[PDB]
Amino acid sequence: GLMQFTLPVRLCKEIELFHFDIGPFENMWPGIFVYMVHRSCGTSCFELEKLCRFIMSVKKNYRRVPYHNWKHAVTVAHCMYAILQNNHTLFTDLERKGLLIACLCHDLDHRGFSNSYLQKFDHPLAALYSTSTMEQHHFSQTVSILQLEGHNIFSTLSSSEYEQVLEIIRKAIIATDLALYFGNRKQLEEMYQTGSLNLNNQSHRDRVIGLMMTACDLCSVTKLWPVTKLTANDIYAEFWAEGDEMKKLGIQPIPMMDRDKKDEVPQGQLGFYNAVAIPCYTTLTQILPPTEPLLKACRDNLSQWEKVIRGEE
Ligand SMILES: Cn1cc(C(=O)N2CCOCC2)c(C(=O)Nc2cc3nc(-c4ccccc4)cn3cc2C#N)n1
Ligand SMILES: [Mg+2]
Ligand SMILES: [Zn+2]
């Protein structure tokens, strides 16, 4: 009960910054996650024994894929922790509880393939879930793990609080479908600019939490250039393997997934920062002003990608 997780000094300070990299030591990531729940949510939010057992079941259910792996899940939870800690009073007790859990679970049992490849492959999951296929799977895996004996970290919540936290988690994980991000940001943009954006309207909150999930999910672009550049390599390792599988089905993949178009990567990144990342962190900064460092870091990494094209690195 009076057992506070602490981290070494360098981690203790840098884990508060948006650009923190969780490091290459896999065995510290669980404790990094508990530290963030204890500081963000409180040391009373979860029974430590149920949480530690939930985390190791979630770890065991991520695959050894190059990018959509356990390290991605903890990276995404850290970004959310940073947003929650810089926006302390704006969020409910259930929201802080649910959103760090949602982030840790948002890519559960990912295979390293897009919703598109499952649909073209005709995967069973594509029959069961026709849209946001992997994301409905990720939420279904999350419910499965909570229902393992000893694993219900929400045991102490009332029946109504329970249904509300699982609804937050569900919307949170569905929101990580990048296909739903474009329409979600446009509506938030309109509601902020016109001026009807209302954090008491539950449908409005959902949209904000949605944008935060995209923000945390894309957060490789808000890191130190070497982290951003090396994560990119793991992102393209999955995309090019999907490209190979597409070719095996007799379908030329989109250039993004074609290893034969590596040369065009720097230009593909410009598109992504301009079409997806920068709009995401801009609307996020407009709605939640203290998330500005994500936007500053993102603009910095777009500038680094322009230098690659100019041949200066
Ligand atoms: C952090 N983080 C997350 C993602 C990401 O997208 N997702 C998360 C992982 O799951 C699928 C979604 C990226 C990213 O790099 N995204 C894209 C890269 C890209 N390269 C080309 C390209 C390359 C060569 C030639 C032409 C185009 C196109 N193009 C589109 C993209 C998008 N969107 N970075
Ligand atoms: Mg995902
Ligand atoms: Zn993800």
# chains A, B, ... in the order shown; residues from 1 in each chain; ligands from 1
$ select_by_dssp --residues "segment 119-294 of chain A" --states "helix (DSSP H, G or I)" --output "PyMOL selection string"
chain A and resi 119-121+124-128+133-146+159-175+178-194+202-217+219-222+225-248+255-257+259-287+289-294
$ closest_atom_pairs --of "chain A" --to "ligand 3" --cutoff "8 Å" --atoms "only C-alpha atoms and all ligand atoms" --output "CSV"
residue,atom,partner,partner_atom_place_in_ligand_line,distance
A:68,CA,ligand 3,1 (Zn),6.2
A:72,CA,ligand 3,1 (Zn),6.5
A:73,CA,ligand 3,1 (Zn),6.7
A:76,CA,ligand 3,1 (Zn),7.1
A:106,CA,ligand 3,1 (Zn),6.2
A:107,CA,ligand 3,1 (Zn),5.2
A:176,CA,ligand 3,1 (Zn),6.8
A:217,CA,ligand 3,1 (Zn),4.9
A:218,CA,ligand 3,1 (Zn),7.5
$ write_last_selection --atoms "N, CA, C and O atoms" --output "compact mmCIF listing (two decimals), in the first residue's frame"
# COMPACT_ATOMS: atom_id res chain seq x y z
N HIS A 68 4.16 -2.65 -34.43
CA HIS A 68 2.91 -2.79 -33.65
C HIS A 68 3.09 -3.80 -32.50
O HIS A 68 2.28 -4.75 -32.40
N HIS A 72 5.51 -0.23 -28.64
CA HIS A 72 4.53 0.74 -29.19
C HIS A 72 3.44 1.05 -28.16
O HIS A 72 3.19 2.23 -27.89
N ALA A 73 2.85 0.01 -27.55
CA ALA A 73 1.75 0.14 -26.58
C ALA A 73 2.18 1.03 -25.40
O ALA A 73 1.35 1.83 -24.96
N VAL A 76 2.79 4.69 -26.44
CA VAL A 76 1.51 5.40 -26.69
C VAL A 76 0.88 5.78 -25.34
O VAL A 76 0.42 6.93 -25.22
N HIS A 106 -4.40 -0.70 -27.01
CA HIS A 106 -5.04 -0.20 -28.26
C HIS A 106 -4.63 -1.04 -29.48
O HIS A 106 -5.34 -0.95 -30.49
N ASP A 107 -3.51 -1.78 -29.43
CA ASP A 107 -3.01 -2.58 -30.59
C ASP A 107 -2.84 -4.05 -30.22
O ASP A 107 -1.99 -4.73 -30.86
N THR A 176 -8.45 4.98 -32.80
CA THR A 176 -7.07 4.73 -33.31
C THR A 176 -7.12 4.19 -34.75
O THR A 176 -6.03 4.01 -35.33
N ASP A 217 -0.99 7.78 -30.53
CA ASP A 217 -0.72 6.69 -31.51
C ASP A 217 0.33 7.13 -32.53
O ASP A 217 1.16 6.27 -32.91
N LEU A 218 0.31 8.39 -32.99
CA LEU A 218 1.27 8.88 -34.02
C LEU A 218 2.54 9.44 -33.37
O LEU A 218 3.36 9.95 -34.10
$ residues_near_ligand --ligand "ligand 1" --cutoff "8 Å" --atoms "only C-alpha atoms and all ligand atoms" --output "PyMOL selection string"
chain A and resi 67-68+114+178+217-221+228+231-232+235-236+239+254-258+261-269+271-272+275-276
$ write_last_selection --atoms "N, CA, C and O atoms" --output "short mmCIF file (atom, residue, chain, number, x, y, z; two decimals), in the first residue's frame"
data_model
loop_
_atom_site.label_atom_id
_atom_site.label_comp_id
_atom_site.auth_asym_id
_atom_site.auth_seq_id
_atom_site.Cartn_x
_atom_site.Cartn_y
_atom_site.Cartn_z
N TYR A 67 6.90 -3.14 -35.43
CA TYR A 67 6.41 -1.81 -34.97
C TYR A 67 5.21 -1.94 -34.03
O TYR A 67 5.26 -1.34 -32.95
N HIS A 68 4.16 -2.65 -34.43
CA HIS A 68 2.91 -2.79 -33.65
C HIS A 68 3.09 -3.80 -32.50
O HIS A 68 2.28 -4.75 -32.40
N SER A 114 -2.50 -4.12 -42.08
CA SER A 114 -3.59 -3.11 -42.11
C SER A 114 -4.94 -3.82 -42.18
O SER A 114 -4.98 -5.02 -42.61
N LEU A 178 -7.08 5.11 -38.17
CA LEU A 178 -6.66 6.39 -38.80
C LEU A 178 -7.70 6.80 -39.87
O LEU A 178 -7.80 8.00 -40.11
N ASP A 217 -0.99 7.78 -30.53
CA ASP A 217 -0.72 6.69 -31.51
C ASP A 217 0.33 7.13 -32.53
O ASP A 217 1.16 6.27 -32.91
N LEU A 218 0.31 8.39 -32.99
CA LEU A 218 1.27 8.88 -34.02
C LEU A 218 2.54 9.44 -33.37
O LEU A 218 3.36 9.95 -34.10
N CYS A 219 2.73 9.29 -32.06
CA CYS A 219 3.69 10.13 -31.30
C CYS A 219 5.16 9.82 -31.66
O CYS A 219 6.03 10.52 -31.16
N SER A 220 5.46 8.85 -32.53
CA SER A 220 6.85 8.65 -33.01
C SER A 220 7.36 9.95 -33.68
O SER A 220 8.54 10.21 -33.60
N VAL A 221 6.47 10.79 -34.24
CA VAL A 221 6.87 12.02 -35.00
C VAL A 221 7.15 13.20 -34.06
O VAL A 221 7.67 14.21 -34.56
N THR A 228 12.67 9.22 -34.01
CA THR A 228 11.70 9.38 -35.11
C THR A 228 12.21 8.62 -36.34
O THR A 228 11.43 7.87 -36.96
N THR A 231 12.40 4.69 -35.58
CA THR A 231 11.01 4.14 -35.54
C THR A 231 10.48 4.02 -36.97
O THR A 231 9.87 2.97 -37.30
N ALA A 232 10.70 5.03 -37.80
CA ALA A 232 10.31 5.00 -39.23
C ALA A 232 10.76 3.68 -39.86
O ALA A 232 9.92 3.03 -40.52
N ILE A 235 8.46 0.99 -38.92
CA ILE A 235 7.14 1.26 -39.57
C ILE A 235 7.20 0.72 -41.00
O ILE A 235 6.30 -0.03 -41.39
N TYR A 236 8.26 1.03 -41.74
CA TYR A 236 8.37 0.62 -43.16
C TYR A 236 8.66 -0.88 -43.25
O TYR A 236 8.33 -1.46 -44.27
N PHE A 239 5.18 -2.25 -43.37
CA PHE A 239 4.50 -1.79 -44.62
C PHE A 239 4.99 -2.61 -45.82
O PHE A 239 4.13 -2.99 -46.63
N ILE A 254 0.05 -0.28 -52.85
CA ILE A 254 0.30 1.19 -52.88
C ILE A 254 1.80 1.45 -52.67
O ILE A 254 2.48 0.67 -52.01
N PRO A 255 2.37 2.53 -53.26
CA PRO A 255 3.80 2.82 -53.12
C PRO A 255 4.35 2.75 -51.68
O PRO A 255 5.45 2.28 -51.47
N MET A 256 3.56 3.22 -50.72
CA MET A 256 3.87 3.24 -49.27
C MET A 256 4.35 1.85 -48.82
O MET A 256 5.30 1.77 -48.01
N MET A 257 3.74 0.79 -49.34
CA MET A 257 4.02 -0.61 -48.92
C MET A 257 5.00 -1.30 -49.88
O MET A 257 5.33 -2.46 -49.63
N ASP A 258 5.47 -0.61 -50.91
CA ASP A 258 6.34 -1.22 -51.94
C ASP A 258 7.81 -0.94 -51.58
O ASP A 258 8.23 0.22 -51.67
N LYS A 261 10.07 1.09 -53.79
CA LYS A 261 9.97 2.57 -53.79
C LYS A 261 10.54 3.17 -52.49
O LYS A 261 10.09 4.26 -52.15
N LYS A 262 11.52 2.52 -51.84
CA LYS A 262 12.28 3.07 -50.67
C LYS A 262 12.74 4.51 -50.95
O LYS A 262 12.65 5.34 -50.02
N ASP A 263 13.29 4.76 -52.15
CA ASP A 263 13.85 6.06 -52.59
C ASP A 263 12.85 7.18 -52.28
O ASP A 263 13.30 8.28 -51.88
N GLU A 264 11.54 6.89 -52.42
CA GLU A 264 10.42 7.87 -52.31
C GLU A 264 9.94 8.02 -50.86
O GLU A 264 8.94 8.76 -50.65
N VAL A 265 10.58 7.36 -49.90
CA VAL A 265 10.19 7.41 -48.46
C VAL A 265 10.20 8.87 -47.97
O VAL A 265 9.19 9.35 -47.45
N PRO A 266 11.31 9.63 -48.08
CA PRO A 266 11.33 11.00 -47.56
C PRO A 266 10.13 11.84 -48.03
O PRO A 266 9.53 12.53 -47.21
N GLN A 267 9.74 11.70 -49.29
CA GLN A 267 8.57 12.43 -49.87
C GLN A 267 7.26 11.86 -49.27
O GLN A 267 6.36 12.64 -48.90
N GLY A 268 7.16 10.55 -49.13
CA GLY A 268 6.02 9.92 -48.44
C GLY A 268 5.85 10.47 -47.03
O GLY A 268 4.70 10.68 -46.62
N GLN A 269 6.95 10.74 -46.32
CA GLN A 269 6.90 11.31 -44.95
C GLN A 269 6.39 12.76 -44.98
O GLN A 269 5.59 13.09 -44.08
N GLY A 271 4.24 14.11 -47.08
CA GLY A 271 2.79 13.92 -47.25
C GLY A 271 2.11 13.64 -45.93
O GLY A 271 1.14 14.34 -45.59
N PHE A 272 2.66 12.69 -45.17
CA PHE A 272 2.10 12.18 -43.89
C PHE A 272 2.11 13.28 -42.81
O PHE A 272 1.08 13.46 -42.13
N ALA A 275 -0.43 15.92 -44.27
CA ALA A 275 -1.83 15.43 -44.36
C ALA A 275 -2.37 14.96 -43.01
O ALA A 275 -3.60 15.02 -42.82
N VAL A 276 -1.51 14.49 -42.09
CA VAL A 276 -1.99 13.72 -40.90
C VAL A 276 -1.43 14.30 -39.60
O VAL A 276 -2.24 14.68 -38.76
#
$ closest_residue --among "A:270, A:9, A:280, A:165" --to "residue 305 of chain A" --atoms "only C-alpha atoms"
A:270
$ residues_around --residues "residue 210 of chain A" --least-positions-apart "3" --cutoff "6 Å" --atoms "only C-alpha atoms" --output "PyMOL selection string"
chain A and resi 172+175+206-207+213
$ residues_around --residues "residue 281 of chain A" --least-positions-apart "5" --cutoff "8 Å" --atoms "only C-alpha atoms" --output "compact mmCIF listing (two decimals) with C-alpha atoms, in the first residue's frame"
# COMPACT_ATOMS: atom_id res chain seq x y z
CA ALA A 215 -2.01 12.14 -31.14
CA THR A 291 0.12 19.98 -25.75
CA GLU A 292 2.00 22.61 -27.88
CA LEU A 294 3.97 17.76 -29.54
CA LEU A 295 3.25 20.29 -32.39
CA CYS A 298 6.41 17.38 -35.05
$ residues_around --residues "segment 111-113 of chain A" --least-positions-apart "4" --cutoff "9 Å" --atoms "only C-alpha atoms" --output "list in words"
residues 62, 63, 64, 65, 66, 67, 68, 69, 117, 118, 134, 238, 239, 241 and 242 of chain A
$ residues_around --residues "residue 74 of chain A" --least-positions-apart "2" --cutoff "9 Å" --atoms "only C-alpha atoms" --output "number ranges by chain"
A: 22, 29-30, 32-33, 70-72, 76-79, 103-104
$ write_last_selection --atoms "C-alpha atoms" --output "compact mmCIF listing (two decimals), in the first residue's frame"
# COMPACT_ATOMS: atom_id res chain seq x y z
CA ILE A 22 10.89 4.51 -22.90
CA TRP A 29 8.55 -0.93 -19.32
CA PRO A 30 5.98 -2.56 -16.94
CA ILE A 32 7.43 2.63 -16.21
CA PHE A 33 3.68 2.01 -16.86
CA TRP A 70 4.63 -4.11 -26.75
CA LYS A 71 7.08 -1.11 -26.95
CA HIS A 72 4.53 0.74 -29.19
CA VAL A 76 1.51 5.40 -26.69
CA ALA A 77 0.46 5.13 -22.97
CA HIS A 78 3.43 7.49 -22.07
CA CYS A 79 2.26 10.18 -24.55
CA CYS A 103 -3.48 3.06 -24.80
CA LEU A 104 -1.68 -0.02 -23.38
$ closest_residue --among "A:7, A:82, A:56, A:216" --to "ligand 2" --atoms "only C-alpha atoms and all ligand atoms"
A:216
$ residues_around --residues "residue 38 of chain A" --least-positions-apart "2" --cutoff "12 Å" --atoms "only C-alpha atoms" --output "MDAnalysis selection string"
chainID A and resid 1:6 31:36 40:48 51 81 85 96:97 100
$ atom_distance --atom1 "atom CA of residue 173 of chain A" --atom2 "atom CA of residue 16 of chain A"
23.6 Å
$ closest_residue --among "A:204, A:259, A:138, A:171" --to "ligand 2" --atoms "only C-alpha atoms and all ligand atoms"
A:138
$ atom_distance --atom1 "atom CA of residue 50 of chain A" --atom2 "atom CA of residue 153 of chain A"
5.5 Å
$ closest_residue --among "A:121, A:225, A:192, A:139" --to "residue 246 of chain A" --atoms "only C-alpha atoms"
A:121
